[PDB]
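Below sits a lone chain in structure tokens, taken as the form deposited in one PDB entry.
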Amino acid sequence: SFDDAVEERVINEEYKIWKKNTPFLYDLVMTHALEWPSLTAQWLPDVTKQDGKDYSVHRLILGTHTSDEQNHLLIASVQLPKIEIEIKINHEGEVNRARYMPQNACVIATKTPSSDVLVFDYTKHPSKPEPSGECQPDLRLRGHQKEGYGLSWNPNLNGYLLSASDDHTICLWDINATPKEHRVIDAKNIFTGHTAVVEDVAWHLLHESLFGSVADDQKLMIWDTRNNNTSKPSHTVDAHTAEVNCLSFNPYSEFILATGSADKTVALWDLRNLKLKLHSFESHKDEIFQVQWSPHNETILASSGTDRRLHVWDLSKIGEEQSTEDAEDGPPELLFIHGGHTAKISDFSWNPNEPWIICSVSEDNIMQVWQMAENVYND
């Protein structure tokens, strides 16, 4: 109580200082309070530049999280050198996560607070929500017994979707399969290696048969779909000293991936030798829930979670010399701490078209689109 009050004051005072220092650290900071908090954020891949205008239009997939109100899947537009909701689609319960299919960015899968995983083609619904408040997904993907968060599309196999669930399983669907009644597709495969809540799943970005999963059992598992046994992964890695909440494959380094954990660390892994962690990124003060590699720079990654402050890392600086005073602030590979949020970060996304732009969303309804200044990452 007293202790809670002190933390709240520290957070607020730090935010006031952060605010006054933004010109030194950013080239852009746009803050926007959403009607409802979003648990999810992902930039869509396409940008629209208007004739004779000094800005381009980028788009984001967002969701709502309501108390006792109708939820929606949202497409928002963002003008980059205003934020508007363009498309609003009825969704059953909060949108735990929403991700577009690489081969057709009109297609979006969502995780719900139920066992169903949903698919929408957003161009095949009205831009304004149906007044009935009824959710009408284009597909219902069944196979789980519980809700979950992890979701991953195979960028080399059209329509191959993986999903992680609190039921301890991973479901795979090919959404091109012929649906039965109620537009249902049953899981093509179910992977049962984990012994606890599965938090995240991710396809390898080059090898179409490989994927990884992470769970509350503290394991990272590497799976190969060419194997007949779905109860035993190709590799089981003792990854962390607490729950593993996220993983991300490096788009430019085919052997490298990262995992983020309740143990406050991001671990770096080399698929050629998973017996030994390659590196441990330390600095976060609380549980990490999301980790994403930069779409533009192979050494750059970011992580976020309960400590409210997204960290950006540059693994090119691992082992570099720094003053002992600098060491007090963190390891050499810590590049940036984003101080813009005062609540837990629920998700974030790197802009795929404008380097160094990130959108992050937090539990207090805030969405921020921001770009660190060149003086941070250059030299």
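Start at 1 with the first residue shown and count on from there. For clarity, a rigid core is taken as the largest C-alpha set superposing within 1.5 Å between two forms.
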(message) So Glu208 is built in this one, but is it left out in a third or more of the other compared PDB entries that include its neighbours?
(response) no
- Coordinates absent for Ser132 in a third or more of other entries: yes
Per the entry, how many deposited residues between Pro131 and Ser132 lack coordinates? The answer is none
As the entry reports it, the stretch among 5-13 and 18-26 with higher mean C-alpha B factor is 5-13
Assert higher mean C-alpha B factor (142-150 or 224-232, deposited values) equals 224-232
Per the deposited B-factor column, the C-alpha that peaks among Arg309, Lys277, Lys219, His125 belongs to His125
When the entry's CA B-factors for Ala215, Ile85, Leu205, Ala262 are compared, the highest one belongs to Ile85
Quick tally, chain-level thirds of C-alpha B-factors: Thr169 sits in the middle
So, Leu80's CA B-factor, relative to its chain, sits in which third? The highest
Entry-reported C-alpha B-factor of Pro179 relative to its chain, by third, is highest
Tertile call for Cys135 (CA temperature factor, within chain, third-based) is the highest
Of the three thirds of Cα B-factor ranks in this chain, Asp238 occupies the middle
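Beyond what is shown, the protein has a form deposited in another entry; the following relates to that form.
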Listed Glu35, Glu320, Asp326, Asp46; moving between this form and the one not shown by 2 Å or more at the CA after core fit is just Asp326
query: Honestly, after the rigid core fit, is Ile366 moving at least 2 Å at Cα between this form and the one not shown?
result: no
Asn12: Cα shift of 2 Å or greater between this form and the one not shown (core-aligned):
yes
